[PDB]
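Taking the form solved without its partner chain, here's one chain by itself in structure tokens.
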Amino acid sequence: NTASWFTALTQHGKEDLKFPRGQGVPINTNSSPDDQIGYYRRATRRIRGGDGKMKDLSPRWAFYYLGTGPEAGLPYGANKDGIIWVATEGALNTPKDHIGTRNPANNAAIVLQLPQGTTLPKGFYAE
């Protein structure tokens, strides 16, 4: 049982996450140009709201390197609801088992940061 290497993006708006081609891979100085590829997975948590009724919190979208997390078996570009793909120019379309997922017992999450020119899509924030 593991976690994303990075903190999540919170969807405060109403649009599903998407990044233009070449953008969206979180910065990780412990990874190489070939490794810069993966997917974000949506996770919507439910909570007992103020009025006693169950309700959805804002969705979170967590990054996983290609071939590693809850959808480790998916090839790049696979169509699946709640899954969107990202790849930096020059990345290799190969699984990243050498990066894998994070064990929270011995590694903090990396704060999700994107290169300077990239801005997060509308309604998206790295909290």
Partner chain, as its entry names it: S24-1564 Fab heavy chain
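Residue numbers count along the first chain shown, from 1.
| Do the CA atoms of 60 to 68 or those of 91 to 99 have the higher mean B-factor in the entry? | According to the entry, 91 to 99 carries the higher average C-alpha B-factor.
| On average, are the C-alpha B-factors higher in 109 to 117 or in 5 to 13? | Per the deposited B-factors, the answer is 109 to 117.
| message | Maximum C-alpha temperature factor per the entry, among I83, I27, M54, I37, belongs to which one? | response | Of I83, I27, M54, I37, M54 has the highest C-alpha B-factor.
This protein has a second form, the form solved in complex with its partner chain, left out of what is shown; the following refers to that one.
| Counting only heavy atoms, which residues in 79 to 111 are within 4.5 Å of its partner chain in the entry with it bound? | If the 4.5 Å heavy-atom criterion is applied to its partner chain in the entry with it bound, 79 to 111 yields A87, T88, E89, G90, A91, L92, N93, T94.
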